[PDB]
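Q: So here's coords.pdb, just PDB, C-alpha atoms and all ligand atoms:
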ATOM      1  CA  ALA O   1      14.389   7.581 -14.983
ATOM      2  CA  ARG O   2      16.414   5.913 -17.698
ATOM      3  CA  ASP O   3      18.526   7.723 -20.256
ATOM      4  CA  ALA O   4      17.646   7.745 -23.923
ATOM      5  CA  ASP O   5      19.854   5.414 -26.011
ATOM      6  CA  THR O   6      22.124   4.388 -23.108
ATOM      7  CA  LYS O   7      19.561   3.182 -20.494
ATOM      8  CA  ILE O   8      21.378   5.087 -17.740
ATOM      9  CA  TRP O   9      18.959   5.075 -14.809
ATOM     10  CA  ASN O  10      19.830   8.112 -12.701
ATOM     11  CA  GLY O  11      18.472   9.198  -9.345
ATOM     12  CA  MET O  12      17.239   6.741  -6.765
ATOM     13  CA  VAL O  13      16.780   4.087  -9.449
ATOM     14  CA  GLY O  14      20.439   3.828 -10.455
ATOM     15  CA  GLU O  15      21.524   3.698  -6.814
ATOM     16  CA  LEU O  16      19.803   0.304  -6.671
ATOM     17  CA  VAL O  17      20.358  -0.843 -10.252
ATOM     18  CA  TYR O  18      24.090  -0.116 -10.310
ATOM     19  CA  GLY O  19      24.794  -1.675  -6.913
ATOM     20  CA  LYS O  20      25.369   1.581  -5.048
ATOM     21  CA  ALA O  21      22.580   1.611  -2.454
ATOM     22  CA  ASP O  22      21.328  -1.437  -0.588
ATOM     23  CA  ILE O  23      17.661  -0.618   0.174
ATOM     24  CA  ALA O  24      15.287   2.322  -0.372
ATOM     25  CA  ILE O  25      12.467   3.052   2.065
ATOM     26  CA  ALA O  26      11.131   6.131   0.306
ATOM     27  CA  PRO O  27       8.098   7.451  -1.614
ATOM     28  CA  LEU O  28       8.728   5.417  -4.763
ATOM     29  CA  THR O  29       5.962   4.401  -7.152
ATOM     30  CA  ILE O  30       5.571   0.904  -8.586
ATOM     31  CA  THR O  31       5.464   1.212 -12.377
ATOM     32  CA  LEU O  32       5.881  -1.210 -15.254
ATOM     33  CA  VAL O  33       9.337  -0.006 -16.272
ATOM     34  CA  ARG O  34      10.764  -0.401 -12.760
ATOM     35  CA  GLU O  35      10.018  -4.073 -12.056
ATOM     36  CA  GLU O  36      12.467  -5.175 -14.740
ATOM     37  CA  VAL O  37      15.501  -3.740 -12.955
ATOM     38  CA  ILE O  38      14.597  -3.717  -9.226
ATOM     39  CA  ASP O  39      12.029  -5.473  -7.097
ATOM     40  CA  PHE O  40       9.207  -4.156  -4.955
ATOM     41  CA  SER O  41       7.434  -5.523  -1.914
ATOM     42  CA  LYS O  42       3.708  -5.424  -1.395
ATOM     43  CA  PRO O  43       2.434  -1.833  -1.508
ATOM     44  CA  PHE O  44       1.898  -0.120   1.804
ATOM     45  CA  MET O  45       0.104   3.140   0.956
ATOM     46  CA  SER O  46      -2.298   3.922  -1.874
ATOM     47  CA  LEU O  47      -2.649   7.170  -3.809
ATOM     48  CA  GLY O  48      -3.468   8.659  -7.197
ATOM     49  CA  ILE O  49      -2.816  11.542  -9.552
TER
ATOM     50  CA  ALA X   1      -8.693 -21.128   6.147
ATOM     51  CA  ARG X   2      -6.679 -23.494   8.259
ATOM     52  CA  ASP X   3      -8.441 -25.962  10.502
ATOM     53  CA  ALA X   4      -8.131 -25.830  14.273
ATOM     54  CA  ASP X   5      -5.107 -27.746  15.607
ATOM     55  CA  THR X   6      -4.384 -29.667  12.386
ATOM     56  CA  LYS X   7      -3.304 -26.941   9.902
ATOM     57  CA  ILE X   8      -5.431 -28.339   7.080
ATOM     58  CA  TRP X   9      -6.381 -25.696   4.521
ATOM     59  CA  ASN X  10      -9.857 -26.305   3.159
ATOM     60  CA  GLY X  11     -11.522 -24.184   0.505
ATOM     61  CA  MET X  12      -9.556 -22.712  -2.380
ATOM     62  CA  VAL X  13      -6.173 -22.130  -0.744
ATOM     63  CA  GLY X  14      -5.935 -25.857  -0.139
ATOM     64  CA  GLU X  15      -6.563 -26.356  -3.848
ATOM     65  CA  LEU X  16      -3.341 -24.460  -4.520
ATOM     66  CA  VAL X  17      -1.362 -26.028  -1.677
ATOM     67  CA  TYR X  18      -2.347 -29.633  -2.335
ATOM     68  CA  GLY X  19      -1.527 -29.522  -6.053
ATOM     69  CA  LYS X  20      -5.120 -29.790  -7.245
ATOM     70  CA  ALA X  21      -5.393 -26.368  -8.899
ATOM     71  CA  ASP X  22      -3.022 -24.198 -10.910
ATOM     72  CA  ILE X  23      -4.025 -20.564 -10.354
ATOM     73  CA  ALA X  24      -6.892 -18.758  -8.632
ATOM     74  CA  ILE X  25      -8.327 -15.614 -10.193
ATOM     75  CA  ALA X  26     -10.782 -14.916  -7.412
ATOM     76  CA  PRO X  27     -11.884 -12.353  -4.831
ATOM     77  CA  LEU X  28      -9.113 -13.349  -2.436
ATOM     78  CA  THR X  29      -7.797 -11.162   0.371
ATOM     79  CA  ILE X  30      -4.054 -10.941   0.953
ATOM     80  CA  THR X  31      -3.589 -11.856   4.609
ATOM     81  CA  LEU X  32      -0.471 -12.796   6.535
ATOM     82  CA  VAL X  33      -0.774 -16.573   6.861
ATOM     83  CA  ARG X  34      -1.686 -17.028   3.209
ATOM     84  CA  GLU X  35       1.742 -15.674   2.274
ATOM     85  CA  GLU X  36       3.590 -18.523   3.947
ATOM     86  CA  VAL X  37       2.056 -21.179   1.698
ATOM     87  CA  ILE X  38       1.140 -19.599  -1.680
ATOM     88  CA  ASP X  39       2.421 -16.617  -3.588
ATOM     89  CA  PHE X  40       0.506 -13.455  -4.437
ATOM     90  CA  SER X  41       0.959 -10.903  -7.188
ATOM     91  CA  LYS X  42       0.605  -7.201  -6.696
ATOM     92  CA  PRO X  43      -2.901  -6.125  -5.657
ATOM     93  CA  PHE X  44      -5.272  -5.066  -8.393
ATOM     94  CA  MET X  45      -8.232  -3.755  -6.376
ATOM     95  CA  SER X  46      -8.341  -2.163  -2.935
ATOM     96  CA  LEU X  47     -11.061  -2.358  -0.309
ATOM     97  CA  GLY X  48     -11.817  -2.416   3.403
ATOM     98  CA  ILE X  49     -14.269  -3.926   5.855
TER
ATOM     99  CA  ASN B   1       7.597  -9.073   2.196
ATOM    100  CA  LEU B   2       6.680 -10.730   5.482
ATOM    101  CA  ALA B   3       7.463  -7.606   7.490
ATOM    102  CA  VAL B   4       5.234  -4.997   5.836
ATOM    103  CA  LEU B   5       2.235  -7.305   6.172
ATOM    104  CA  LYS B   6       2.715  -7.415   9.953
ATOM    105  CA  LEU B   7       2.502  -3.629  10.082
ATOM    106  CA  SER B   8      -0.580  -3.731   7.871
ATOM    107  CA  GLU B   9      -2.129  -6.389  10.097
ATOM    108  CA  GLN B  10      -1.500  -4.616  13.395
ATOM    109  CA  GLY B  11      -2.504  -1.102  12.351
ATOM    110  CA  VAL B  12       0.976   0.363  12.784
ATOM    111  CA  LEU B  13       0.623   1.960   9.346
ATOM    112  CA  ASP B  14      -2.646   3.536  10.495
ATOM    113  CA  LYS B  15      -0.973   4.825  13.652
ATOM    114  CA  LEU B  16       1.943   6.351  11.739
ATOM    115  CA  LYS B  17      -0.361   7.893   9.136
ATOM    116  CA  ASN B  18      -2.481   9.387  11.919
ATOM    117  CA  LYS B  19       0.629  10.745  13.656
ATOM    118  CA  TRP B  20       2.101  12.378  10.573
ATOM    119  CA  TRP B  21      -1.046  13.666   8.905
ATOM    120  CA  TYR B  22      -3.940  14.009  11.332
ATOM    121  CA  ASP B  23      -2.362  14.962  14.665
ATOM    122  CA  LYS B  24      -0.861  18.031  12.950
ATOM    123  CA  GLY B  25      -4.105  19.625  11.878
ATOM    124  CA  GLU B  26      -2.876  23.209  12.002
ATOM    125  CA  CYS B  27      -4.242  25.548   9.360
ATOM    126  CA  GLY B  28      -7.762  26.838   9.594
ATOM    127  CA  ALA B  29     -10.665  24.866   8.171
ATOM    128  CA  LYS B  30      -9.897  21.449   9.718
ATOM    129  CA  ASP B  31     -10.031  22.940  13.210
ATOM    130  CA  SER B  32     -12.491  25.823  12.792
ATOM    131  CA  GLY B  33     -14.856  24.094  10.354
ATOM    132  CA  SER B  34     -17.149  22.855  13.142
ATOM    133  CA  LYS B  35     -17.687  26.078  15.124
ATOM    134  CA  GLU B  36     -20.486  28.660  15.088
ATOM    135  CA  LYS B  37     -20.874  32.427  15.015
ATOM    136  CA  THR B  38     -24.283  33.984  15.384
ATOM    137  CA  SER B  39     -24.482  37.135  13.189
ATOM    138  CA  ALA B  40     -24.143  40.875  12.839
ATOM    139  CA  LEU B  41     -25.781  42.416   9.772
ATOM    140  CA  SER B  42     -23.708  44.963   7.874
ATOM    141  CA  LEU B  43     -24.657  47.164   4.942
ATOM    142  CA  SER B  44     -22.794  45.047   2.371
ATOM    143  CA  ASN B  45     -25.454  42.372   2.766
ATOM    144  CA  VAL B  46     -28.411  44.680   2.205
ATOM    145  CA  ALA B  47     -27.579  47.006  -0.681
ATOM    146  CA  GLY B  48     -29.727  46.029  -3.640
ATOM    147  CA  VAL B  49     -32.790  46.679  -1.524
TER
HETATM  148  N1  LIG O 101      -5.077   3.714   4.060
HETATM  149  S1  LIG O 101      -3.424   3.615   3.499
HETATM  150  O1  LIG O 101      -3.246   4.278   2.161
HETATM  151  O2  LIG O 101      -2.509   4.424   4.321
HETATM  152  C1  LIG O 101      -2.881   1.861   3.426
HETATM  153  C2  LIG O 101      -2.717   1.270   2.212
HETATM  154  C3  LIG O 101      -2.301  -0.076   2.158
HETATM  155  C4  LIG O 101      -2.062  -0.774   3.272
HETATM  156  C5  LIG O 101      -2.237  -0.166   4.530
HETATM  157  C6  LIG O 101      -2.644   1.145   4.589
HETATM  158 CL1  LIG O 101      -2.866   1.942   6.189
HETATM  159  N2  LIG O 101      -1.607  -2.264   3.129
HETATM  160  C7  LIG O 101      -2.000  -2.935   1.841
HETATM  161  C8  LIG O 101      -1.501  -4.580   1.804
HETATM  162  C9  LIG O 101      -2.332  -5.320   2.639
HETATM  163  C10 LIG O 101      -2.754  -6.147   2.006
HETATM  164  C11 LIG O 101      -3.407  -6.138   1.146
HETATM  165  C12 LIG O 101      -2.529  -5.304   0.117
HETATM  166  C13 LIG O 101      -1.664  -4.979   0.761
HETATM  167  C14 LIG O 101      -1.649  -6.421   1.362
HETATM  168  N3  LIG O 101      -1.470  -2.260   0.722
HETATM  169  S2  LIG O 101      -2.093  -0.797   0.708
HETATM  170  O3  LIG O 101      -3.388  -0.860   0.081
HETATM  171  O4  LIG O 101      -1.160   0.075  -0.045
HETATM  172  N1  LIG O 102      -9.193   1.836  -7.089
HETATM  173  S1  LIG O 102      -8.909   0.111  -7.103
HETATM  174  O1  LIG O 102      -9.060  -0.498  -5.733
HETATM  175  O2  LIG O 102      -9.944  -0.605  -7.868
HETATM  176  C1  LIG O 102      -7.241  -0.261  -7.766
HETATM  177  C2  LIG O 102      -6.291  -0.686  -6.898
HETATM  178  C3  LIG O 102      -5.007  -0.977  -7.391
HETATM  179  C4  LIG O 102      -4.718  -0.847  -8.689
HETATM  180  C5  LIG O 102      -5.700  -0.401  -9.590
HETATM  181  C6  LIG O 102      -6.955  -0.116  -9.114
HETATM  182 CL1  LIG O 102      -8.237   0.448 -10.245
HETATM  183  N2  LIG O 102      -3.262  -1.189  -9.145
HETATM  184  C7  LIG O 102      -2.218  -1.105  -8.060
HETATM  185  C8  LIG O 102      -0.642  -1.386  -8.683
HETATM  186  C9  LIG O 102      -0.474  -0.622  -9.837
HETATM  187  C10 LIG O 102       0.446   0.000  -9.666
HETATM  188  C11 LIG O 102       0.674   0.779  -8.952
HETATM  189  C12 LIG O 102       0.481   0.004  -7.576
HETATM  190  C13 LIG O 102       0.102  -0.996  -7.932
HETATM  191  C14 LIG O 102       1.143  -0.953  -9.098
HETATM  192  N3  LIG O 102      -2.487  -1.996  -7.002
HETATM  193  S2  LIG O 102      -3.852  -1.492  -6.360
HETATM  194  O3  LIG O 102      -3.542  -0.376  -5.504
HETATM  195  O4  LIG O 102      -4.445  -2.624  -5.610
END
Could you write out this file's structure as structure tokens?
Ligand SMILES: NS(=O)(=O)c1cc2c(cc1Cl)N[C@H]([C@H]1C[C@H]3C=C[C@@H]1C3)NS2(=O)=O
Ligand SMILES: NS(=O)(=O)c1cc2c(cc1Cl)N[C@H]([C@H]1C[C@H]3C=C[C@@H]1C3)NS2(=O)=O
A:
Amino acid sequence: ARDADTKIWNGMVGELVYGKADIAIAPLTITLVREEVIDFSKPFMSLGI
Amino acid sequence: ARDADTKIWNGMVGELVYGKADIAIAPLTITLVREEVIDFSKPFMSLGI
Amino acid sequence: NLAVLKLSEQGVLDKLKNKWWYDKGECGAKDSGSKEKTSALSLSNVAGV
């Protein structure tokens, strides 16, 4: 997730935001706050809380 | 769908390909061959046959 | 974007999901939920009588 007041995305987000990692095939959830910094394909498996 | 042997999209997808429409809020199923001519958003409702 | 739709079209996602969730039915109720035992009456059943 992002940091408060500095927007530092850690974790698997910042690996793609900050140019570290090239692609991420992983259980990652399409949100609203993630489309602004990275892009997602069409979803391949559905779920819920 | 496309016509046999001519690749002429009738129906609503042809209305987006041939410049006659602008957007299609509709019960429209994301297939493969519809991706190569017109863009889709993320899915909003899931179903099956 | 064009690749994940091929796997959705050809059921490869279904095959992988079956392999990694349903072929490894291990614990209890999934396997033994459709079997039958006859009876043997013990005293814990009939006590209030
Ligand atoms: N039954 S499931 O959760 O494993 C599952 C879920 C999905 C699959 C395929 C499977 Cl097998 N592909 C769909 C895609 C197909 C087309 C329609 C939406 C997307 C495009 N997304 S999905 O709805 O996320
Ligand atoms: N239960 S359903 O089919 O009506 C349905 C199906 C979908 C919904 C919302 C609903 Cl209510 N939104 C999802 C999107 C929302 C976010 C999370 C995945 C995608 C992004 N697409 S979806 O999986 O197509």
Q: Return the neighbours of chain B among the residues of chain X, cut-off 8 Å, counting all atoms listed in the file, as a ChimeraX atom specification.
A: /X:31-32,35
Q: Which residues of chain X come within 9 Å of ligand LIG 101 (chain O), and for each one, what is the closest pair of atoms and their distance in Å to one decimal, counting all atoms listed in the file, sorted by chain and residue number, as a Markdown table?
A:
| residue | atom | partner | partner_atom | distance |
| --- | --- | --- | --- | --- |
| X:29 | CA | O:LIG101 | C11 | 6.7 |
| X:30 | CA | O:LIG101 | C11 | 4.9 |
| X:31 | CA | O:LIG101 | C10 | 6.3 |
| X:32 | CA | O:LIG101 | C14 | 8.3 |
| X:42 | CA | O:LIG101 | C12 | 7.7 |
| X:43 | CA | O:LIG101 | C12 | 5.8 |
| X:44 | CA | O:LIG101 | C12 | 8.9 |
| X:45 | CA | O:LIG101 | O3 | 8.6 |
| X:46 | CA | O:LIG101 | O3 | 5.9 |
| X:47 | CA | O:LIG101 | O3 | 7.8 |
Q: Hey, which of X:33, X:25, X:41, X:14 ends up closest to ligand LIG 102 (chain O)? Count all atoms listed in the file.
A: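 Going through X:33, X:25, X:41, X:14 one by one, the smallest distance to ligand LIG 102 (chain O) is for X:41.
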Q: Using all atoms listed in the file, collect all residues at a distance of at most 12 Å from (22.4, -2.8, -21.0) as written in the file, then present them as a list in words.
A: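 Final list of nearby residues, as requested, is residues 2, 3, 4, 5, 6, 7, 8, 9, 17, 18, 36 and 37 of chain O.
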Q: Give me the box for ligand LIG 102 (chain O) as JSON, namely the centre and edge lengths in Å to one decimal of a box along x, y and z that holds every listed atom plus 5 Å on each side.
A:
{"center_x": -4.4, "center_y": -0.4, "center_z": -7.9, "size_x": 21.1, "size_y": 14.5, "size_z": 14.7}
Q: For ligand LIG 102 (chain O), which of O:28, O:38, O:13, O:23 is the closest residue, counting all atoms listed in the file?
A: O:28
